[PDB]
Structure formats: structure tokens, C-alpha cells
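> Here you go, this is model-v6.pdb (PDB, C-alpha atoms and all ligand atoms).
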```pdb
ATOM      1  CA  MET A   1     108.165 141.907  73.264
ATOM      2  CA  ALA A   2     108.115 138.421  74.771
ATOM      3  CA  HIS A   3     104.775 137.206  76.092
ATOM      4  CA  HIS A   4     105.590 133.504  76.406
ATOM      5  CA  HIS A   5     104.826 131.856  79.750
ATOM      6  CA  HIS A   6     105.400 128.484  81.359
ATOM      7  CA  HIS A   7     102.863 126.668  83.504
ATOM      8  CA  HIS A   8     103.653 124.530  86.527
ATOM      9  CA  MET A   9     103.174 120.834  85.798
ATOM     10  CA  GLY A  10     101.986 120.230  89.331
ATOM     11  CA  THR A  11     102.861 117.211  91.414
ATOM     12  CA  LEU A  12     104.539 114.113  90.051
ATOM     13  CA  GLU A  13     104.238 111.341  92.613
ATOM     14  CA  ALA A  14     107.649 109.714  92.351
ATOM     15  CA  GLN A  15     107.399 108.013  95.742
ATOM     16  CA  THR A  16     104.889 105.183  95.275
ATOM     17  CA  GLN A  17     105.653 103.978  98.793
ATOM     18  CA  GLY A  18     103.946 100.807  99.948
ATOM     19  CA  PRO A  19     105.611  97.598 101.197
ATOM     20  CA  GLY A  20     103.517  94.469 100.798
ATOM     21  CA  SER A  21     102.993  93.367 104.383
ATOM     22  CA  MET A  22     102.099  89.730 103.680
ATOM     23  CA  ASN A  23     104.147  88.612 106.667
ATOM     24  CA  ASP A  24     104.173  90.333 110.064
ATOM     25  CA  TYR A  25     107.135  92.661 109.688
ATOM     26  CA  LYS A  26     108.018  95.511 112.025
ATOM     27  CA  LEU A  27     108.894  99.171 111.698
ATOM     28  CA  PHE A  28     112.028 100.647 113.214
ATOM     29  CA  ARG A  29     112.132 104.398 113.617
ATOM     30  CA  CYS A  30     115.241 106.341 114.557
ATOM     31  CA  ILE A  31     114.606 108.557 117.577
ATOM     32  CA  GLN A  32     117.368 110.966 116.577
ATOM     33  CA  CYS A  33     115.672 112.090 113.362
ATOM     34  CA  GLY A  34     112.598 110.031 112.556
ATOM     35  CA  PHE A  35     114.022 107.704 109.917
ATOM     36  CA  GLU A  36     111.444 104.930 109.643
ATOM     37  CA  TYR A  37     112.680 101.539 108.485
ATOM     38  CA  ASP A  38     110.222  98.883 107.315
ATOM     39  CA  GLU A  39     111.461  95.271 107.523
ATOM     40  CA  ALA A  40     109.283  94.370 104.521
ATOM     41  CA  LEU A  41     110.637  97.298 102.528
ATOM     42  CA  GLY A  42     114.303  96.922 103.393
ATOM     43  CA  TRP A  43     117.040  99.367 102.447
ATOM     44  CA  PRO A  44     118.634  98.449  99.098
ATOM     45  CA  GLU A  45     120.837 101.532  99.221
ATOM     46  CA  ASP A  46     122.880  99.862 101.977
ATOM     47  CA  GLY A  47     122.237  96.336 100.788
ATOM     48  CA  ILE A  48     119.474  95.504 103.236
ATOM     49  CA  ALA A  49     117.070  93.313 101.286
ATOM     50  CA  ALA A  50     113.296  93.473 101.567
ATOM     51  CA  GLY A  51     112.409  90.919 104.207
ATOM     52  CA  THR A  52     115.606  91.329 106.209
ATOM     53  CA  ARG A  53     114.847  91.244 109.931
ATOM     54  CA  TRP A  54     116.425  93.624 112.450
ATOM     55  CA  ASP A  55     118.240  90.562 113.836
ATOM     56  CA  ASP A  56     119.864  89.884 110.462
ATOM     57  CA  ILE A  57     120.908  93.521 110.196
ATOM     58  CA  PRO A  58     124.559  93.899 111.371
ATOM     59  CA  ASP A  59     125.131  95.373 114.835
ATOM     60  CA  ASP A  60     127.649  97.736 113.246
ATOM     61  CA  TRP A  61     124.905  99.023 110.947
ATOM     62  CA  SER A  62     124.027 102.673 111.451
ATOM     63  CA  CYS A  63     121.084 104.818 110.392
ATOM     64  CA  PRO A  64     122.010 105.760 106.780
ATOM     65  CA  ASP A  65     120.316 109.099 107.424
ATOM     66  CA  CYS A  66     122.485 110.343 110.307
ATOM     67  CA  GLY A  67     124.748 107.506 111.472
ATOM     68  CA  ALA A  68     122.728 106.833 114.611
ATOM     69  CA  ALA A  69     123.081 103.392 116.186
ATOM     70  CA  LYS A  70     120.582 100.527 116.251
ATOM     71  CA  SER A  71     119.809 101.451 119.868
ATOM     72  CA  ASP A  72     118.634 104.774 118.439
ATOM     73  CA  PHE A  73     115.785 102.916 116.762
ATOM     74  CA  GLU A  74     112.357 102.163 118.195
ATOM     75  CA  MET A  75     110.237  99.125 117.375
ATOM     76  CA  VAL A  76     107.023 100.350 115.805
ATOM     77  CA  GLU A  77     104.074  97.984 115.505
ATOM     78  CA  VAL A  78     102.376  97.912 112.113
ATOM     79  CA  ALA A  79      98.727  98.951 112.145
ATOM     80  CA  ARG A  80      98.166  97.851 108.547
ATOM     81  CA  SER A  81      95.156  95.754 109.479
TER      82      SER A  81
HETATM   83 ZN    ZN B   1     118.490 108.395 112.215
END
```
Would you mind writing the structure in this file as C-alpha cells?

Amino acid sequence: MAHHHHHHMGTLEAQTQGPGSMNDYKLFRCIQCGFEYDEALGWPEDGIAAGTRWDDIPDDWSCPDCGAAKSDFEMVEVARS
């Protein structure tokens, strides 16, 4: 009769989120879903490099999360002070 059991390992923090805000970068949050973009973090999945400004981001660029437009983003001030 088997009496072996497994235990849950718990939480492995694989995120480690934290962009170094050494320069005043902004946040841009999609209003259609809540996708928050940090200019200091960038989005390497699309090719957006860390430090790329919203102005440098192509007008044809869409929210990688849902395909919402740039006008679907809000400019969020960074309270990391
Ligand atoms: Zn979105």
C-alpha cells in the first residue's frame, strides 16, 4: 500500500520586476485591459528597448496584450520617489 506523499514547494518568485528609474520615465497603461508599460523597462518581446520613449514607439504599434492602439494608453506618472 502506497503511503508516499508530495509537498508543495510554495512560491517561486520568477517575476523580479523592478525597472531602474534613474531617469524620469513614464508609465503607459492600456485602458482596455490594464497593460502597464514602463518606458524604463521597455518591451523586448516586441523589440522595444529599455529606455525607448513613447515618441520613439511606432504609431502602428499596438498593445501586445490585446492589440489596442496607442490612444488606448494612459500616461501614468511615476511615484517612485
Ligand atoms: Zn491593452
> At a cut-off of 9 Å, can you tabulate as JSON lines every residue of chain A near ligand ZN 1 (chain B) together with its closest atom pair and the distance in Å to one decimal, using all atoms listed in the file and ordering rows by chain then number?

```
{"residue": "A:29", "atom": "CA", "partner": "B:ZN1", "partner_atom": "ZN", "distance": 7.6}
{"residue": "A:30", "atom": "CA", "partner": "B:ZN1", "partner_atom": "ZN", "distance": 4.5}
{"residue": "A:31", "atom": "CA", "partner": "B:ZN1", "partner_atom": "ZN", "distance": 6.6}
{"residue": "A:32", "atom": "CA", "partner": "B:ZN1", "partner_atom": "ZN", "distance": 5.2}
{"residue": "A:33", "atom": "CA", "partner": "B:ZN1", "partner_atom": "ZN", "distance": 4.8}
{"residue": "A:34", "atom": "CA", "partner": "B:ZN1", "partner_atom": "ZN", "distance": 6.1}
{"residue": "A:35", "atom": "CA", "partner": "B:ZN1", "partner_atom": "ZN", "distance": 5.1}
{"residue": "A:36", "atom": "CA", "partner": "B:ZN1", "partner_atom": "ZN", "distance": 8.3}
{"residue": "A:62", "atom": "CA", "partner": "B:ZN1", "partner_atom": "ZN", "distance": 8.0}
{"residue": "A:63", "atom": "CA", "partner": "B:ZN1", "partner_atom": "ZN", "distance": 4.8}
{"residue": "A:64", "atom": "CA", "partner": "B:ZN1", "partner_atom": "ZN", "distance": 7.0}
{"residue": "A:65", "atom": "CA", "partner": "B:ZN1", "partner_atom": "ZN", "distance": 5.2}
{"residue": "A:66", "atom": "CA", "partner": "B:ZN1", "partner_atom": "ZN", "distance": 4.8}
{"residue": "A:67", "atom": "CA", "partner": "B:ZN1", "partner_atom": "ZN", "distance": 6.4}
{"residue": "A:68", "atom": "CA", "partner": "B:ZN1", "partner_atom": "ZN", "distance": 5.1}
{"residue": "A:69", "atom": "CA", "partner": "B:ZN1", "partner_atom": "ZN", "distance": 7.9}
{"residue": "A:72", "atom": "CA", "partner": "B:ZN1", "partner_atom": "ZN", "distance": 7.2}
{"residue": "A:73", "atom": "CA", "partner": "B:ZN1", "partner_atom": "ZN", "distance": 7.6}
```
> One number please: atom CA of residue 59 of chain A to atom CA of residue 71 of chain A, in Å, one decimal.
9.5 Å
> Here's the selection I'm unsure about, the PyMOL selection byres (((chain A and resi 48) around 12) and not hetatm); applied to the file above, which residues does it give, as number ranges by chain?
A: 37-47, 49-58, 61-64
> Rounded to one decimal place, report the atom CA of residue 78 of chain A-atom CA of residue 24 of chain A distance in Å.
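Here the two named atoms are 8.1 Å from each other.
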> Have a look at atom CA of residue 70 of chain A and atom CA of residue 15 of chain A and let me know their distance in Å, one decimal.
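Separation between atom CA of residue 70 of chain A and atom CA of residue 15 of chain A: 25.5 Å.
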> Can you sort out segment 34-56 of chain A so it carries N, CA, C and O atoms, written as an mmCIF file, in the frame of the given file?

```
data_model
loop_
_atom_site.group_PDB
_atom_site.id
_atom_site.type_symbol
_atom_site.label_atom_id
_atom_site.label_comp_id
_atom_site.auth_asym_id
_atom_site.auth_seq_id
_atom_site.Cartn_x
_atom_site.Cartn_y
_atom_site.Cartn_z
ATOM 1 N N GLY A 34 113.915 110.456 112.979
ATOM 2 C CA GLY A 34 112.598 110.031 112.556
ATOM 3 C C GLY A 34 112.650 109.134 111.339
ATOM 4 O O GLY A 34 111.630 108.893 110.695
ATOM 5 N N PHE A 35 113.845 108.657 111.010
ATOM 6 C CA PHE A 35 114.022 107.704 109.917
ATOM 7 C C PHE A 35 113.283 106.405 110.225
ATOM 8 O O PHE A 35 113.632 105.690 111.166
ATOM 9 N N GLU A 36 112.257 106.116 109.440
ATOM 10 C CA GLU A 36 111.444 104.930 109.643
ATOM 11 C C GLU A 36 111.842 103.813 108.687
ATOM 12 O O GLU A 36 111.742 103.953 107.468
ATOM 13 N N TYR A 37 112.311 102.717 109.255
ATOM 14 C CA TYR A 37 112.680 101.539 108.485
ATOM 15 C C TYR A 37 111.576 100.488 108.553
ATOM 16 O O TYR A 37 111.071 100.178 109.627
ATOM 17 N N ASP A 38 111.200 99.965 107.400
ATOM 18 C CA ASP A 38 110.222 98.883 107.315
ATOM 19 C C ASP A 38 110.943 97.585 106.961
ATOM 20 O O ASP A 38 111.661 97.534 105.960
ATOM 21 N N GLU A 39 110.771 96.541 107.774
ATOM 22 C CA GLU A 39 111.461 95.271 107.523
ATOM 23 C C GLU A 39 111.026 94.632 106.197
ATOM 24 O O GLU A 39 111.784 93.880 105.581
ATOM 25 N N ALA A 40 109.813 94.938 105.752
ATOM 26 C CA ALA A 40 109.283 94.370 104.521
ATOM 27 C C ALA A 40 109.719 95.191 103.318
ATOM 28 O O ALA A 40 109.660 94.729 102.177
ATOM 29 N N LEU A 41 110.158 96.412 103.580
ATOM 30 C CA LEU A 41 110.637 97.298 102.528
ATOM 31 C C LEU A 41 112.142 97.134 102.333
ATOM 32 O O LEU A 41 112.630 97.073 101.201
ATOM 33 N N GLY A 42 112.864 97.056 103.445
ATOM 34 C CA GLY A 42 114.303 96.922 103.393
ATOM 35 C C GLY A 42 114.989 98.242 103.101
ATOM 36 O O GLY A 42 114.358 99.301 103.149
ATOM 37 N N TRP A 43 116.278 98.183 102.804
ATOM 38 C CA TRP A 43 117.040 99.367 102.447
ATOM 39 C C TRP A 43 118.125 98.983 101.448
ATOM 40 O O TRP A 43 119.272 98.710 101.819
ATOM 41 N N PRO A 44 117.764 98.954 100.159
ATOM 42 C CA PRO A 44 118.634 98.449 99.098
ATOM 43 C C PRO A 44 119.837 99.347 98.857
ATOM 44 O O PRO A 44 120.822 98.932 98.249
ATOM 45 N N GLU A 45 119.744 100.577 99.339
ATOM 46 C CA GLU A 45 120.837 101.532 99.221
ATOM 47 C C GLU A 45 122.054 101.056 100.015
ATOM 48 O O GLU A 45 123.195 101.285 99.615
ATOM 49 N N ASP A 46 121.802 100.390 101.138
ATOM 50 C CA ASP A 46 122.880 99.862 101.977
ATOM 51 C C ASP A 46 123.134 98.395 101.655
ATOM 52 O O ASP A 46 124.226 97.874 101.880
ATOM 53 N N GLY A 47 122.128 97.747 101.091
ATOM 54 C CA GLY A 47 122.237 96.336 100.788
ATOM 55 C C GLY A 47 121.247 95.510 101.581
ATOM 56 O O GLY A 47 121.170 94.293 101.420
ATOM 57 N N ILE A 48 120.484 96.175 102.436
ATOM 58 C CA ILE A 48 119.474 95.504 103.236
ATOM 59 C C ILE A 48 118.300 95.106 102.347
ATOM 60 O O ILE A 48 117.608 95.964 101.803
ATOM 61 N N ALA A 49 118.091 93.811 102.191
ATOM 62 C CA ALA A 49 117.070 93.313 101.286
ATOM 63 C C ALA A 49 115.690 93.349 101.929
ATOM 64 O O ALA A 49 115.553 93.245 103.150
ATOM 65 N N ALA A 50 114.671 93.503 101.099
ATOM 66 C CA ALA A 50 113.296 93.473 101.567
ATOM 67 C C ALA A 50 113.002 92.125 102.208
ATOM 68 O O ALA A 50 113.112 91.082 101.562
ATOM 69 N N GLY A 51 112.651 92.148 103.484
ATOM 70 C CA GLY A 51 112.409 90.919 104.207
ATOM 71 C C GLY A 51 113.506 90.616 105.206
ATOM 72 O O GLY A 51 113.424 89.632 105.944
ATOM 73 N N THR A 52 114.543 91.450 105.223
ATOM 74 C CA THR A 52 115.606 91.329 106.209
ATOM 75 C C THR A 52 115.120 91.792 107.581
ATOM 76 O O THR A 52 114.623 92.908 107.730
ATOM 77 N N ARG A 53 115.256 90.922 108.573
ATOM 78 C CA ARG A 53 114.847 91.244 109.931
ATOM 79 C C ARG A 53 115.923 92.061 110.635
ATOM 80 O O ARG A 53 117.096 92.007 110.265
ATOM 81 N N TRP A 54 115.512 92.804 111.654
ATOM 82 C CA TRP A 54 116.425 93.624 112.450
ATOM 83 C C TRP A 54 117.551 92.782 113.059
ATOM 84 O O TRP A 54 118.652 93.284 113.315
ATOM 85 N N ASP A 55 117.264 91.503 113.286
ATOM 86 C CA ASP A 55 118.240 90.562 113.836
ATOM 87 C C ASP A 55 119.316 90.218 112.814
ATOM 88 O O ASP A 55 120.459 89.941 113.178
ATOM 89 N N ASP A 56 118.942 90.228 111.540
ATOM 90 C CA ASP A 56 119.864 89.884 110.462
ATOM 91 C C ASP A 56 120.707 91.096 110.089
ATOM 92 O O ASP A 56 121.796 90.970 109.529
#
```
